[PDB]
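Q: Pasting data_39.cif below, which is mmCIF, C-alpha atoms.
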```cif
data_run
#
loop_
_atom_site.label_atom_id
_atom_site.label_comp_id
_atom_site.auth_asym_id
_atom_site.auth_seq_id
_atom_site.Cartn_x
_atom_site.Cartn_y
_atom_site.Cartn_z
CA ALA A 972 96.71 17.61 -13.39
CA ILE A 973 94.86 14.65 -14.91
CA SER A 974 91.65 16.59 -15.57
CA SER A 975 90.93 20.32 -15.43
CA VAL A 976 87.35 19.92 -14.12
CA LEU A 977 87.17 20.47 -10.35
CA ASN A 978 84.21 18.08 -10.10
CA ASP A 979 86.40 15.42 -11.76
CA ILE A 980 89.14 15.75 -9.09
CA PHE A 981 87.53 15.97 -5.65
CA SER A 982 84.72 13.50 -6.35
CA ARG A 983 86.98 11.02 -8.18
CA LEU A 984 89.82 10.86 -5.61
CA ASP A 985 90.76 10.63 -1.94
CA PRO A 986 90.74 13.90 0.08
CA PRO A 987 94.51 13.58 0.64
CA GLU A 988 94.80 12.86 -3.09
CA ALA A 989 92.52 15.73 -4.13
CA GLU A 990 94.25 18.61 -2.31
CA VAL A 991 97.50 18.13 -4.19
CA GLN A 992 95.66 18.16 -7.52
CA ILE A 993 93.20 20.96 -6.63
CA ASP A 994 96.01 23.29 -5.48
CA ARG A 995 97.81 22.79 -8.79
CA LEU A 996 94.64 23.86 -10.62
CA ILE A 997 94.06 26.97 -8.49
CA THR A 998 97.69 28.16 -8.81
CA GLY A 999 97.54 27.68 -12.58
CA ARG A 1000 94.41 29.83 -12.60
CA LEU A 1001 96.15 32.40 -10.38
CA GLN A 1002 99.03 32.65 -12.87
CA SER A 1003 96.56 33.12 -15.73
CA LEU A 1004 95.13 36.10 -13.85
CA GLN A 1005 98.63 37.44 -13.09
CA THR A 1006 99.32 37.47 -16.83
CA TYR A 1007 95.98 39.19 -17.51
CA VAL A 1008 95.89 42.05 -14.98
CA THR A 1009 99.57 42.95 -15.48
CA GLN A 1010 98.87 43.18 -19.24
CA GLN A 1011 95.90 45.47 -18.53
CA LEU A 1012 98.11 47.83 -16.50
CA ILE A 1013 100.74 48.10 -19.27
CA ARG A 1014 98.33 48.58 -22.19
CA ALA A 1015 96.27 51.22 -20.37
CA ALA A 1016 99.46 53.19 -19.73
CA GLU A 1017 99.76 53.65 -23.50
CA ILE A 1018 96.13 54.82 -23.58
CA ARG A 1019 96.67 57.38 -20.79
CA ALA A 1020 99.86 58.61 -22.47
CA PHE N 392 101.50 18.49 23.80
CA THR N 393 98.53 18.72 26.15
CA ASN N 394 97.28 15.18 26.87
CA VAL N 395 96.91 11.79 25.19
CA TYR N 396 93.94 9.45 24.66
CA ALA N 397 95.27 5.88 24.66
CA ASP N 398 93.02 3.50 22.70
CA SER N 399 93.92 -0.08 23.63
CA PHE N 400 92.15 -3.07 22.07
CA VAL N 401 92.84 -6.49 20.55
CA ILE N 402 92.53 -6.78 16.77
CA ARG N 403 93.13 -9.73 14.44
CA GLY N 404 96.14 -9.97 12.13
CA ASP N 405 94.18 -9.43 8.93
CA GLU N 406 92.80 -6.11 10.25
CA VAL N 407 95.93 -4.94 12.13
CA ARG N 408 97.42 -3.06 9.13
CA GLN N 409 94.43 -0.72 8.78
CA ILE N 410 95.08 1.50 11.81
CA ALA N 411 95.93 4.64 9.79
CA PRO N 412 93.88 7.51 8.32
CA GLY N 413 91.91 6.60 5.19
CA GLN N 414 91.54 2.81 5.35
CA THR N 415 88.81 0.38 4.31
CA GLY N 416 87.85 -2.87 6.01
CA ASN N 417 85.45 -4.53 8.41
CA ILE N 418 86.90 -2.95 11.56
CA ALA N 419 87.99 0.17 9.65
CA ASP N 420 84.60 1.19 8.25
CA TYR N 421 82.17 0.00 10.93
CA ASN N 422 84.15 0.46 14.16
CA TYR N 423 87.34 2.54 14.17
CA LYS N 424 88.09 5.43 11.81
CA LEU N 425 90.78 8.07 11.82
CA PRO N 426 90.48 11.58 10.33
CA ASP N 427 93.10 13.00 7.98
CA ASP N 428 94.37 15.54 10.56
CA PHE N 429 94.90 12.85 13.26
CA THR N 430 98.30 12.92 14.97
CA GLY N 431 99.90 10.00 16.81
CA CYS N 432 101.71 6.68 16.55
CA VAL N 433 100.71 3.01 16.29
CA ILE N 434 102.50 0.44 18.48
CA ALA N 435 101.91 -3.26 17.78
CA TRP N 436 103.04 -6.36 19.67
CA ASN N 437 102.51 -10.11 19.25
CA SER N 438 100.25 -11.47 22.02
CA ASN N 439 100.02 -15.10 20.85
CA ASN Q 343 84.00 -18.24 -6.41
CA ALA Q 344 84.81 -20.55 -9.35
CA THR Q 345 86.54 -23.88 -8.82
CA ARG Q 346 89.35 -23.79 -11.41
CA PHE Q 347 91.37 -20.74 -12.44
CA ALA Q 348 94.14 -19.97 -14.92
CA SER Q 349 97.82 -19.12 -14.66
CA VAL Q 350 99.81 -15.89 -14.59
CA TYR Q 351 101.17 -16.22 -18.16
CA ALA Q 352 97.73 -16.90 -19.67
CA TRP Q 353 94.73 -15.71 -17.64
CA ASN Q 354 90.98 -15.61 -18.27
CA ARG Q 355 89.74 -12.12 -19.16
CA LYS Q 356 86.03 -11.73 -18.35
CA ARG Q 357 84.13 -8.84 -19.91
CA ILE Q 358 81.38 -7.63 -17.56
CA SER Q 359 79.07 -4.90 -18.86
CA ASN Q 360 75.46 -3.58 -18.91
CA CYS Q 361 74.53 -4.47 -15.32
CA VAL Q 362 74.24 -3.06 -11.79
CA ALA Q 363 77.35 -3.63 -9.69
CA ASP Q 364 77.31 -4.85 -6.08
CA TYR Q 365 80.37 -3.61 -4.17
CA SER Q 366 79.26 -4.95 -0.77
CA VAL Q 367 81.66 -7.90 -0.78
CA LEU Q 368 84.51 -5.56 -1.81
CA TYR Q 369 83.63 -2.66 0.53
CA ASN Q 370 81.05 -3.41 3.26
CA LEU Q 371 82.13 -7.01 3.89
CA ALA Q 372 85.79 -8.01 3.81
CA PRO Q 373 86.18 -11.79 3.36
CA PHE Q 374 89.25 -11.07 1.20
CA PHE Q 375 92.90 -10.75 2.22
CA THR Q 376 93.98 -7.47 0.62
CA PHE Q 377 92.25 -4.47 -0.95
CA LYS Q 378 94.78 -2.41 -2.92
CA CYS Q 379 93.50 0.52 -4.98
CA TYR Q 380 95.68 3.05 -6.77
CA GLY Q 381 93.89 5.64 -8.91
CA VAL Q 382 90.40 4.88 -7.59
CA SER Q 383 89.12 5.91 -4.18
CA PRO Q 384 87.85 2.81 -2.30
CA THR Q 385 84.86 4.60 -0.73
CA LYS Q 386 83.90 6.11 -4.10
CA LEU Q 387 83.64 2.74 -5.92
CA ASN Q 388 79.82 2.87 -5.69
CA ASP Q 389 79.79 6.51 -6.88
CA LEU Q 390 81.66 6.61 -10.20
CA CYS Q 391 80.47 4.73 -13.28
#
```
So, in terms of structure tokens, how does the structure I just supplied come out?

A:
Amino acid sequence: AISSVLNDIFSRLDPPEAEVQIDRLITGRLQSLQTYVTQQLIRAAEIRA
Amino acid sequence: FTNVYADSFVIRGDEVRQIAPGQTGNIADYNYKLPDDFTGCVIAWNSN
Amino acid sequence: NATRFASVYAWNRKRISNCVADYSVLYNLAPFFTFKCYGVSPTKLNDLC
């Protein structure tokens, strides 16, 4: 996306133009959580071993 | 589909391109708007 | 509204700054033939600075 701030997308663009750019920013923040929580399951398995 | 609401009027040739969702004009702002989820077709014909 | 303008190869670039803009001839009224915006929302012209 052009800017990572969600106030700089939806208030600077059309509502058909925002929902393409907002859904790229949510899915990039979902993949940052899917790298985080999967890493916390692997590294706690070495603690419990 | 269920039923249809036919909106029939006479509009000038400068404003005739703005029947669409998300447009800006004299007739588009202050008279006739369309939402983004609106579904239908636009049929135009020359009445001159 | 000026009487004489310039050409397409050499135009007149006017720098307009430090004032309060009136968008009512470009948004509320339409005397003008076409309004084409690309990266800017046309309703949000009076919002962003």

Q: Using the chain letters and numbers from this file, what does the PyMOL selection byres ((chain Q) within 9 of (chain N)) select? Give the answer as a PyMOL selection string.

A: chain Q and resi 368-373+375-377+384-385

Q: Please check the contacts: residues of chain A at most 10 Å away from chain N, using all atoms listed in the file, listed as a PyMOL selection string.

A: chain A and resi 985-987

Q: For the contact check between chain A and chain Q, emit one row per residue of chain A within 12 Å, containing the shortest atom pair and the distance in Å rounded to one decimal, counting all atoms listed in the file, chain then rising number order, as CSV.

A:
```
residue,atom,partner,partner_atom,distance
A:973,CA,Q:381,CA,10.9
A:978,CA,Q:390,CA,11.8
A:979,CA,Q:390,CA,10.1
A:980,CA,Q:383,CA,11.0
A:981,CA,Q:383,CA,10.3
A:982,CA,Q:386,CA,7.8
A:983,CA,Q:383,CA,6.8
A:984,CA,Q:383,CA,5.2
A:985,CA,Q:383,CA,5.5
A:986,CA,Q:383,CA,9.2
A:987,CA,Q:383,CA,10.5
A:988,CA,Q:383,CA,9.0
A:989,CA,Q:383,CA,10.4
```

Q: Counting all atoms listed in the file, write as a PDB file with C-alpha atoms, in the frame of the given file all protein and nucleic acid residues lying at most 10 Å from (88.2, 1.1, 16.5) in the file's frame.

A:
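Result went into selection-v2.pdb, see below:
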```pdb
ATOM      1  CA  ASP N 398      93.020   3.500  22.700  1.00  0.00           C
ATOM      2  CA  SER N 399      93.920  -0.080  23.630  1.00  0.00           C
ATOM      3  CA  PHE N 400      92.150  -3.070  22.070  1.00  0.00           C
ATOM      4  CA  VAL N 401      92.840  -6.490  20.550  1.00  0.00           C
ATOM      5  CA  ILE N 402      92.530  -6.780  16.770  1.00  0.00           C
ATOM      6  CA  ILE N 410      95.080   1.500  11.810  1.00  0.00           C
ATOM      7  CA  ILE N 418      86.900  -2.950  11.560  1.00  0.00           C
ATOM      8  CA  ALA N 419      87.990   0.170   9.650  1.00  0.00           C
ATOM      9  CA  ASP N 420      84.600   1.190   8.250  1.00  0.00           C
ATOM     10  CA  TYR N 421      82.170   0.000  10.930  1.00  0.00           C
ATOM     11  CA  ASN N 422      84.150   0.460  14.160  1.00  0.00           C
ATOM     12  CA  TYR N 423      87.340   2.540  14.170  1.00  0.00           C
ATOM     13  CA  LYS N 424      88.090   5.430  11.810  1.00  0.00           C
ATOM     14  CA  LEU N 425      90.780   8.070  11.820  1.00  0.00           C
TER      15      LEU N 425
END
```

Q: How many Å lie between CA of residue 403 (chain N) and CA of residue 434 (chain N), rounded to one decimal?

A: 14.4 Å

Q: I need the residue set behind the PyMOL selection byres ((chain A and resi 994-1002) around 10) for this file; please write it as a list in words.

A: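 With the shown file as input, the PyMOL selection byres ((chain A and resi 994-1002) around 10) matches residues 972, 974, 975, 976, 977, 980, 989, 990, 991, 992, 993, 1003, 1004, 1005, 1006 and 1007 of chain A.
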
Q: Enter the distance from CA of residue 379 (chain Q) to CA of residue 364 (chain Q), in Å, rounded to one decimal.

A: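 These two atoms are separated by 17.1 Å.
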
Q: What is the CA of residue 363 (chain Q) to CA of residue 388 (chain Q) distance in Å?

A: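 Calculated distance between CA of residue 363 (chain Q) and CA of residue 388 (chain Q) is 8.0 Å.
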
Q: Would you place a box with edges along x, y and z of the file around all atoms of region 427-435 of chain N listed there, add 3 Å to each of its six sides, and report the centre and edge lengths in Å to one decimal, as lines of an AutoDock Vina configuration file?

A:
```
center_x = 97.8
center_y = 6.1
center_z = 13.2
size_x = 15.4
size_y = 24.8
size_z = 16.5
```
